[PDB]
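Reviewing the structure listed below.
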Ligand SMILES: *[C@@H]1O[C@H](CO)[C@@H](O)[C@H](O)[C@H]1NC(C)=O
Ligand SMILES: *[C@@H]1O[C@H](CO)[C@@H](O)[C@H](O)[C@H]1NC(C)=O
Ligand SMILES: *[C@@H]1O[C@H](CO)[C@@H](O)[C@H](O)[C@H]1NC(C)=O
Ligand SMILES: *[C@@H]1O[C@H](CO)[C@@H](O)[C@H](O)[C@H]1NC(C)=O
Ligand SMILES: *[C@@H]1O[C@H](CO)[C@@H](O)[C@H](O)[C@H]1NC(C)=O
Ligand SMILES: *[C@@H]1O[C@H](CO)[C@@H](O)[C@H](O)[C@H]1NC(C)=O
């Protein structure tokens, strides 16, 4: 009943909404943590292999985004009304430790600083510059849209992420469009249905 | 329609490839309506007080109109008025109601009824104006919690039968809504089954069973029956489904005041029959966020209550396991009067994983999500869709 | 232009006090952009850089609400815009301001509002204070006390600082 | 505890219609007494008003098509504390007047679960 | 003030399941008995470690003459089926002054404590809690097995 | 501290042709990576600013193909492949190295005449003379009553060219009290203008109103 049409008939989409923070992972270096869709009581925190659309896991945690910070890594979070703090492990979202006595530590998350280091877009076309010997390796056209580079990893499992349009998002590697994502669908309020469909007597006898 | 400003067509087949996507400039979306039954032209409402009219075609759409509303005010919601008369009611925050005569789409009273946590109000439209018809606010300490109306139903059977071809005449009054009140320190989940027109209560049922008021509770209104669910402790700390079933007469064979040849009863006046009820509840393993009802075009199959849980999981359980007038199964044994194959009362409903949809999927539905039942043909099958933060159907 | 900004304020403020205007966001990606204001003095000019980040980045010639995404500033007459700026450099920003705010008009005077008195002829409105009055179903700039007319080519003149909502036929 | 009941035109005034009193005689049983009812010509659609000075004032609690042979059963609704909770009206054929009943919430089942047995310790 | 603290660890060692995700299984705590807080205490935890530790802490408590606080923990897995399926937590004062820990192994849909009138009622089974509360999958059906197969 | 100067303050150009507008700065603009951090903007009247170019020569999203830029160091240039009448309004420079100021003001003036007069209102008094959709850019409005001029107390408002026909427009209002205003019967707005030849006046008695 189910085994025959298990994944064939069931039809799931996962949405994250417009990114707000993205943090690289301590291990499995082609992987990050995706923070998205803030709300006044909670926010969406997830773990994600960068080289696909493959979400590893998701959680709704009851903190405004600003509490969510690295350690002094171990992704420390501290409630501000009370003194309640949760230490969660990045790789597998284990709640390393809890307290109300004191937060262990905090480090406010750093800003991009991607320009002046790795980025130049000069002939309406992007060029990745080495910091020294600015040879303009791995150059790529600007698409019709471009808003931002979300993330870029220079290490051996290279990955680059673009906020090309407001809702379209492109992953790249050594350029080649490697994968494509769309997060316009992150919150729907109201719905409607549209269906599709296909496309005297004597003379009647003969016709 | 997104919570942002975007409309788009998603295919129900082919794993939801995006059929087409249109961008608005409304900056948050509230509601969707087909301007007429033709299912060709939508009207879509802004949070800010604009409205757009959009032409749905096999080609990509076109924004065939944008315009303001009469007053550029922020809108809380919209309630669909008549298809033929092409009216809509808009509730603005600041609690201001506007009658809406949108376009040609190229006594005869109407009643419309809206809810807040402050109360249940009711409203009547006459002469191109809205007037308050009554009010019912809970008191200060109290707070209305959960509400549902009566979804319209195509009619199959006017009465539930018994073994000896005897009939109990399930209660069919169309002008009903049901709702909850939770009051602190009383620890009294009160259930009312109210005539949504008049305001008479007809039923009270409280439960001083140490409710929580912190876990979700929800209410769904069935064909002739109502189910609402809550969490509480005094029986046990466990989720609780409560079913009430509404019958014309609890006597085994009686049609109480329902002769219909030409009587033509009036609800507005209040000479209607009043039901008797029978209620039971059940013990449930997991905390229930939200409930709704499966459908098809014709209300034929068992109405197959669908549940959405805290974890995101979905589960359907049939209507029949939730039988008020069930018996504890010692007194059923060739007790001829009960029903045809009456499944017993059996308060402990264990979870059966075979029922579950989203077998291993996660389906994070977000803080505010809705279950809807989309009818199809092929009446054995029905679509149920979970729209909100994540979209999903089956 | 979908992800766009909205502006709040008050119509009159006296000379020599800080000037309160409050933006509002209805679109995503707050963290990752630099958010600034602009002044446009009438007299063919525009100048401001007060750019900010989700973390404190105050840099004047400025408050933010990460809960509400409604950035805020309290410091003469000008037209005042919210904006959205890229965050290319680390702690500097990268300019490139697009998807602008739709504008507040500020008359920094001690005088008070005066609802626009409206007079048929197309549509005319006599000397009124402050500016502007918005006609709907052509119109030149109002001229100094402000008086404003609209030609027909009926007249829903409407004045938010006065909340004077006057309709008239030509 | 005096209640005054009055229909209103909703534009002219609330024209009085009756007066009732609520006494808690027993430990846990309230009751209503009709101190007086003032019937005048009534015909057509009207909005009702109910007020108990002190505790309760429900200005528009219901709306009915009324007639001068008042033949309604007035359900005032109470709860474990002897305090008025609601006021509403239904139609009963047999009164030829307004008679009022106080109502307690008809407590719900608290339906049963499996129980521990009786000395399944040495048996 | 002295508090309680739940210690526990779901094993995943007798099982060879190690490609699990650890984010789809959630233990939850509720308070029923003798609470003066105008809301019973409640909480929800996730895992701590690969071997599966989970922990609640800062637990409010009653104090004085054998003062009891009834917590209940909900062992569940949305990927497995856990054999206990319900846990009782009993937190009484010793006359010595220490606080005694006792837990019990209930199941879905039975009373926890007897009905105050049965003479010599039956008592629920306790479980050894020196190392920790040790929750387990079902021996016989470790997997949840949502998927019914034809044939 | 960088001061930015736009070379043409006004650039009348016929529709159709390619064109270029220059801009200069005090300091040099050149990033270590090779970015210049200079942006070009457009403002049509009645609208929020609109971004055209984001690095001096590149193009930002949602801009037509016609526009492009060039330059480096201290000097930079906008350049349009084909001029069209829609792109009418003021054009602005901006530098993002430190403290952007929006120094600029290139006022494209692609223009290298309807007369309307409506009667006074019931109430003081205001007659409106509207010179709407005049191309030649040069008109002066004065008022005439019983062969006597009245150029004083003439509050005038000149708006810029249109985006479609590129025609300048202006309005003039002569405000008098009813005691001041009504002593004379017939009034006339008379205009001296460049596109036509002989001065044009539109005069009104009461008539309808
Ligand atoms: C991480 O994601 C990439 C992209 O699909 C995939 O190739 C890789 O196998 C993933 N990692 C593991 C351990 O499977
Ligand atoms: C911190 O805990 C308090 C205690 O209830 C809660 O009200 C508050 O919302 C928490 N902080 C945040 C940011 O939610
Ligand atoms: C951004 O806009 C373009 C132009 O309309 C369109 O292709 C699409 O909506 C987006 N493009 C990409 C590459 O995301
Ligand atoms: C709660 O406290 C009361 C005394 O107030 C006591 O009689 C009772 O046994 C305690 N436990 C429970 C479960 O009620
Ligand atoms: C605990 O129970 C014992 C039972 O004999 C009783 O004597 C003692 O007073 C109680 N007190 C405390 C503090 O636990
Ligand atoms: C002291 O407390 C311990 C547990 O902490 C208990 O085992 C012992 O019996 C107590 N002492 C006496 C004399 O009961």
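As a convention, Cβ positions derive from the backbone with ideal geometry for all residues, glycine included, and neighbour counts pool all protein chains shown. Laboratory data are not the source of any read-out in this text; all were calculated from the coordinates shown.
Based on other C-beta atoms within 10 Å, arrange D:87, B:167, A:193 from fewest to most.
Details: D:87 24, B:167 16, A:193 13.
Result, fewest neighbours first: A:193, B:167, D:87.
Identify which of D:45, D:80, D:106 has the largest mean-square fluctuation in a Gaussian network model of chain D, with springs joining Cα atoms closer than 10 Å.
D:106
Restricting to the protein assembly as shown, compute how many DSSP beta bridges are antiparallel as a %, nearest 5. Numbers along the way, then the final one.
On the way: 302 of 317 bridges.
The antiparallel fraction comes to roughly 95 percent.
Could you list log10 I(q)/I(0) for the range B:166-305 at q = 0.09, 0.12, 0.14, 0.18 Å⁻¹, which the Debye formula gives when each Cα is one point scatterer?
So the normalised log intensities are -0.32, -0.57, -0.75, -1.13.
Determine by what factor the alpha-carbon radius of gyration of chain B differs from 2.2 N^0.38 Å, reporting the quotient.
Values: Rg = 22.7 Å, N = 394, 2.2 N^0.38 = 21.3 Å.
Here the Cα radius of gyration is 1.06 times the empirical estimate.
Express the relative contact order of chain E as a whole percentage, based on alpha carbon pairs under 8 Å and six or more residues apart in sequence. Mind showing how you got there, number by number?
Working: 269 pairs, mean separation 36.7, N = 151.
Value for chain E: 24 percent.
Over the residues of the range E:70-130, compute the C-alpha Rg and express it relative to 2.2 N^0.38 Å. Numbers along the way, then the final one.
Values: Rg = 13.8 Å, N = 61, 2.2 N^0.38 = 10.5 Å.
Normalised by 2.2 N^0.38 Å, the Cα Rg of the range E:70-130 equals 1.31.
Tell me the mean residue ellipticity at 222 nm calculated for chain F from its helices only (DSSP H runs of n ≥ 4, each -39500 (n - 2.57), averaged over every residue, nearest 500).
On the way: 1 runs with 4 residues, N = 209.
Calculated at 222 nm, the ellipticity per residue is -500 deg cm²/dmol.
Within the range F:60-83, list the residues whose amide N lies under 12 Å from a label point set 7 Å along Cα→Cβ of residue A:125.
Hits in the range F:60-83 for residue A:125 at 12 Å: none.
Hey, got the average number of other protein chain Cβ atoms within 10 angstrom for residues in A:16-24? If you can, show how the numbers build up before the last one.
Values: counts 3, 6, 8, 4, 7, 3, 2, 0, 0.
Per residue, the number of nearby Cβ atoms from other chains is 4 on average.
What's log10 of I(q)/I(0) for chain D at q = 0.11, 0.18 Å⁻¹, Debye sum over Cα points only, no solvent?
Listed by q, the Debye log ratios stand at -0.45, -0.98.
What residue among D:102, D:40, D:76 has the largest mean-square fluctuation in a Gaussian network model of chain D, using Cα springs under 10 Å?
D:40
What fraction, in whole percent, of alpha-carbon pairs in the protein assembly as shown exceed 47 Å separation? Show your work: numbers first, answer last.
Working: 390160 of 785631 pairs.
It works out to 50 percent of all Cα pairs.
Given the -39500 (n - 2.57) contribution per DSSP H run of 4+ residues, what per-residue ellipticity at 222 nm results for chain A, rounded to the nearest 500 deg cm²/dmol?
Values: 2 runs with 10 residues, N = 207.
So the helix-based figure for chain A works out to -1000 deg cm²/dmol.
Out of every Cα pair in the range C:1-78, what percent are spaced more than 16 Å from each other? Don't skip to the end; give the middle numbers.
Numbers: 1651 of 3003 pairs.
Percent of Cα pairs beyond 16 Å in the range C:1-78: 55.
Which value, in Å³ per residue, describes the convex hull spanned by the Cα atoms of the range F:23-107? Let's see the in-between values first.
On the way: hull volume 8.4 nm³, N = 85.
Once divided by residue count, the hull of the range F:23-107 is 99 Å³.
What are the radius of gyration and Dmax of chain C, computed over its Cα atoms and given in Å?
When restricted to Cα atoms, chain C yields Rg and Dmax of 18.3, 59 Å.
Can you give the Kirkwood hydrodynamic radius of the range F:130-209 from its Cα pairs, in Å with one decimal? Don't jump to the answer; show the numbers that get you there.
Numbers: mean 1/r = 0.0723 Å⁻¹.
Mean inverse Cα-Cα distance, inverted, gives 13.8 Å.
With no solvent and one point per C-alpha, what does the Debye sum give as log10 I(q)/I(0) for the range E:1-104 at q = 0.12, 0.14 Å⁻¹?
-0.45, -0.59
Most exposed first by the Cβ proxy, i.e. fewest other Cβ within 10 Å, how do E:55, B:331, E:111 rank? Provide the component values of the computation, followed by the final result.
Values: E:55 19, B:331 9, E:111 16.
Result, fewest neighbours first: B:331, E:111, E:55.
Taking 8 Å as the Cα distance limit and 6 or more residues as the minimum spacing, I'd like the relative contact order of chain D as a percentage. Please list the in-between numbers first.
Details: 243 pairs, mean separation 23.6, N = 123.
Dividing the mean separation by the residue count of chain D yields 19 percent.
How big is the Rg/Rh ratio for the range C:56-113, C-alpha atoms only, Rh by Kirkwood, two decimals? Intermediate results must be reported in sequence, preceding the final value.
Working: Rg = 14.2 Å, Rh = 13.9 Å.
A ratio of 1.03.
With only alpha-carbon pairs counted, each pair once and no self-pairs, how large is the Kirkwood hydrodynamic radius of the range B:326-377 in angstroms?
Numbers: mean 1/r = 0.0645 Å⁻¹.
About 15.5 Å for the range B:326-377.
Can you tell me which of B:39-46, C:88-95 comes out highest on packing, and rank the rest after it, using the mean Cβ neighbours within 10 Å? Can you show the working numbers first?
Values: B:39-46: 19.8, C:88-95: 21.2.
Descending packing order for the listed peptides: C:88-95, B:39-46.
In peptide E:118-129, how many Cβ atoms from other protein chains are near each Cβ within 10 Å, on average?
Numbers: counts 6, 2, 6, 7, 7, 3, 1, 0, 0, 0, 0, 0.
Mean inter-chain Cβ contacts per residue within 10 Å come to 3.
Once you have all Cα-Cα distances for the range A:1-109, histogram them in 10 Å bins from zero and send the whole-percent values.
13, 42, 27, 12, 5, 1
Beyond 18 Å, how much of the Cα-Cα pair distribution for the range B:48-181 remains, as a whole percent?
Numbers: 6196 of 8911 pairs.
Across the range B:48-181, Cα pairs with separations above 18 Å total 70 percent.
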